[PDB]
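There is one chain below, alone, in structure tokens, taken in the form deposited in one PDB entry.
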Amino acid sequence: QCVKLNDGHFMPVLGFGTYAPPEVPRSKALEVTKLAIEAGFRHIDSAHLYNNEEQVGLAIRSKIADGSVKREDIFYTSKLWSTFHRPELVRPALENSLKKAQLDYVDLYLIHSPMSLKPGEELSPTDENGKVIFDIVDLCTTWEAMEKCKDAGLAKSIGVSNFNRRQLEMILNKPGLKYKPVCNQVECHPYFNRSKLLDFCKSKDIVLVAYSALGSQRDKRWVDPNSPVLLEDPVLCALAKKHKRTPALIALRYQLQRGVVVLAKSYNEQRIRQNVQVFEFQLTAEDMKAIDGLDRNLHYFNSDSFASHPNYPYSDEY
């Protein structure tokens, strides 16, 4: 149940999403990561941004200690936050994630976003007028620092997140490149299916990893409440009824059959266990075309405050 990455390592094709908004107590991340491993999740997606790597690492430690898994059975992802793009900050940021999680390595380290921010430990640097402070960094130099993290053994694989085709090509065409990104983790669901970007990634042996594949958590700081609810889509709901599954399972299976590695966040014990049932049924070729028809170019995150960023990913066609 894995895909082979272009560096030879293997990534489980279903991943557990661990982000929860700050109102959720941090003990929950510990509890649900254990439930996820107990349910069969082996790929766990975290990040410095999520303020939960300590709890996710504790959950992994606990399941290793009780004999449920070994460390090599777990695929753990962290991400470099955008205030750490300057190359001298990359390894210290990774080492800090490893210390928090009490891991010797991450299986995957990503550049969280191409949209560089003012360097510092402050995650949301803002000016005297409350505006986020951008930074200008050559992401090829960030990538060179990521490559050194892989050679140092601290990350088994390295990749990117929220890149568009042009930004991927900047890395791929970098002189003296040693490691291609193994993946590009991007927003991907039936209302924003990234088919052109997926075709490009396939042509370069880069895995597309889908986040907000269930339509996001609809956080009201970020999500227009008038945006359509993905899991209420009539086509998804009709397919769920036809297959005797759930709209969530349809949305996850859609990604698996188009060669996309799919993440699924749930902090609910029964939904966690439901999502691993994605492997138990199949969509027909006609089902897949019907879902392909749902694309609305819908980004669940209101990105107006970032649209002026030089590395804003959504100005290009893809």
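Numbers for residues come from their place in the sequence shown, where the first is 1. By rigid core we mean the largest C-alpha set that fits within 1.5 Å across both forms.
We do not show the form deposited in another entry, though everything after this point is about it.
Engineer: With the two forms fitted on the rigid core, I'd like to know which residue in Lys99, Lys178, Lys196, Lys131 is displaced by 2 angstroms or more at its CA between the shown form and the other one.
Structural biologist: Of all the options, the C-alpha that shifts by at least 2 Å belongs to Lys131.
Engineer: If I superpose the two forms on their rigid core, does the C-alpha of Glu23 end up displaced by 2 Å or more between the shown form and the other one?
Structural biologist: The answer is no; the displacement is under 2 Å.
Engineer: Under a superposition restricted to the rigid core, does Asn297 display a Cα displacement of 2 angstroms or more between the shown form and the other one?
Structural biologist: Comparing forms between the shown form and the other one, the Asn297 CA shifts below 2 Å.
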